[PDB]
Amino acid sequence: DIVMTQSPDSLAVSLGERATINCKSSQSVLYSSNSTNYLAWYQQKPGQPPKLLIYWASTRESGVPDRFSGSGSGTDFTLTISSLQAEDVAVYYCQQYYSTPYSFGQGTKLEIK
């Protein structure tokens, strides 16, 4: 199947500064028919289930602040936070839903410096 790997497992940045989380798929998740990457990013604050943040690799889900943005294609993707805020402290997960079983990466813990 498709294995997803993230990097790092955790990281910290000062409030106000940028942060980037990387994710690699063991296989391509690009659907050529409509040239789209079936990749998503989830935000998980402790005490809550994972919440959809970004899909199609770069499309933010409604409600998500414009400071979150996704990029990448094929097998390498990145989640970018332009200005870390207190509420952004959480564990992020990338996921591919190109072929079943849909799979997640191991997760990356984001914290404040």
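Residue numbers here begin at 1 and follow the sequence given.
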For this session: For the higher mean C-alpha B factor in the entry, choose 51-59 or 64-72.
Result: 64-72
Problem set entry | Mean C-alpha B-factor comparison - 74-82 and 41-49, higher one | 41-49
Seminar exercise, completed: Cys23: CA temperature factor from the record, placed by chain third, in the lowest
Exercise. Against its chain's modelled residues, does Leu15's Cα B factor rank lowest, middle or highest third?
Worked result: highest
